[PDB]
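Residue numbers (the entry's author numbering): 387 to 491. Ideal Cβ placement from N, Cα and C applies to all residues, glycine included.
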């Protein structure tokens, strides 16, 4: 039946931009991985040395490439990593490999 995309978003980058904010950018999964229409993404992040689950934010697909998300309100002097997955109507696909960045002032 209907199922989620079968590949991860691509070219994920994470840039510290100061004020405890990270700038996350990424591109869609390979077109042949979409298994339908991409409706949006979930961006997950956590502290690199935490055994907690990733914390996620849902973002709608924009008409722009790459996609961009600012993650602000982070803690001082900690290091984070970020993952992204795409979703279609059915569900969310696999996640990108984490990309790491420090929350810088």
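query	result
Per DSSP, residue 446 is paired with what?	426
Check whether the Cβ atoms of residue 474 and residue 413 sit closer than 8 Å, and answer yes or no.	no
Could you say which of 396, 456, 491, 483 lies nearest to residue 420 if we only look at CA atoms?	396
Between the alpha carbons of residue 405 and residue 429, how many angstroms are there, rounded?	20 Å
So residue 414 is in the beta strand (DSSP E); what residue range does that whole segment cover?	Looking at the DSSP string, residue 414 is not in any beta strand (DSSP E), and its letter there is neither H nor E.
With distance defined between alpha-carbon atoms, name the residue in 442, 489, 480, 483 nearest to residue 465.	489
Could you pull out every residue in the same chain whose Cβ sits closer than 6 Å to the Cβ of residue 454, ignoring the five residues on either side in sequence?	411
Answer yes or no: do residue 431 and residue 457 have a C-beta to C-beta separation smaller than 8 Å?	yes
Tell me the DSSP secondary structure of residue 453 in three-state form.	strand
How should residue 471 be labelled, buried or exposed, when 16 other C-beta atoms within 10 angstroms of its C-beta is the threshold for buried?	buried
Considering residue 402, what are the terminal residues of the beta strand (DSSP E) in which it resides?	396–402
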